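Only one chain is included here, represented as structure tokens and corresponding to the form deposited in one PDB entry.
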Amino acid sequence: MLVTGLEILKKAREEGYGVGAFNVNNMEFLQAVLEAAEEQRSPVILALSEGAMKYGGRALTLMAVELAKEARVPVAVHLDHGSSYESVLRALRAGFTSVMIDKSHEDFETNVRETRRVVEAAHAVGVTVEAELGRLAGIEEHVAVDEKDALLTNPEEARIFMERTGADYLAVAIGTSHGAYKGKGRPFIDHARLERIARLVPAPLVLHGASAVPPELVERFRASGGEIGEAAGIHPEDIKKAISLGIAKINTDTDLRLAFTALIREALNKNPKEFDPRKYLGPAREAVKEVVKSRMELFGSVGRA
């Protein structure tokens, strides 16, 4: 059934497990995610980016919200990385139960202002919100004692931010190639920093830009004729510990796209006479479902429904 992002994330952090926020853009992806959730008897968050809102439109938001209601596990429909107030209004209009406004690339003061306005609007309609701080602001004049300490989230500032915005959950910069830290060092997790943040912020925490990108998956993609860089993803064990420390929401997208694309390639490379979409989109949908089920297993949400 359909519930707020907070109902799901609060329980998750309380009970020490993670919930995957899986990005979907069409029917097959949405089906894959919900079936995985049902088979794993696990709560799940359906994530729709603005790219998804544009590509999928009313058809996608109709499915996400109505199918979420019919699910036998708790489901939340979440706007992934909203870039404007209007984008959030559109998500509220479409029945979303969780919204995220990303103004972390803005100065602390503007980020606060922008976020607070989204919070006020979302709360007026019973929707919870995810805000994002991903760089030392210097608010309490903290000095970056290191290059990384500069582009990553400061515990004290996070506490202030959440106190000021009233956001429900927070995405923090802790090492994953995302935001200011992007393209600036090897993908990792600053567990020490995560613990400090979690100590000052009891709200569930969110982890962005952290796909497993396992070797077998990349291998299959390359084998199917795909080309990709030396993709590096957070190590399974780190995700496991990050969750034990307070991360309740884990964004997942890349791994699904790769699996989906890999099988379509395999199907078309092997069956050149095939022009019935279902024959090649079907197994791709299945491959996606498998990735999702594995993520839920790794995150520890199996049977948490």
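By rigid core we mean the largest C-alpha set that fits within 1.5 Å across both forms. Don't overthink the numbering: it's just position in the shown sequence, from 1.
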{"item": "Selected stretch [higher average CA B-factor]: 21 to 29 or 291 to 299", "value": "291 to 299"}
{"item": "Mean temperature factor over C-alpha atoms, higher-scoring stretch between 234 to 242 and 253 to 261", "value": "234 to 242"}
{"item": "Per the PDB entry, maximal CA B factor within 124, 99, 145, 203", "value": "145"}
{"item": "Residue selected from 80, 120, 86, 227 by maximal Cα B factor", "value": "227"}
{"item": "Ranked C-alpha temperature factor of residue 217 among modelled chain residues, by third", "value": "highest"}
{"item": "Record-listed C-alpha B factor of residue 116: chain third", "value": "middle"}
{"item": "Chain-relative CA temperature factor third for residue 138", "value": "highest"}
{"item": "For residue 74, the third of its chain into which the C-alpha B factor falls", "value": "lowest"}
{"item": "Record-listed C-alpha B factor of residue 183: chain third", "value": "highest"}
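Same protein, other form: the form deposited in another entry, not shown, and the subject of what follows.
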item	value
Core-fitted Cα difference of 2 Å or more between this form and the one not shown, single residue among 235, 105, 113, 184	184
Direction of C-alpha distance change in the other entry, residue 235 to residue 186 (at least 3 Å)	closer
Shift in CA distance, residue 212 and residue 185, in the other entry relative to the form shown here, given it is 3 Å or more	closer
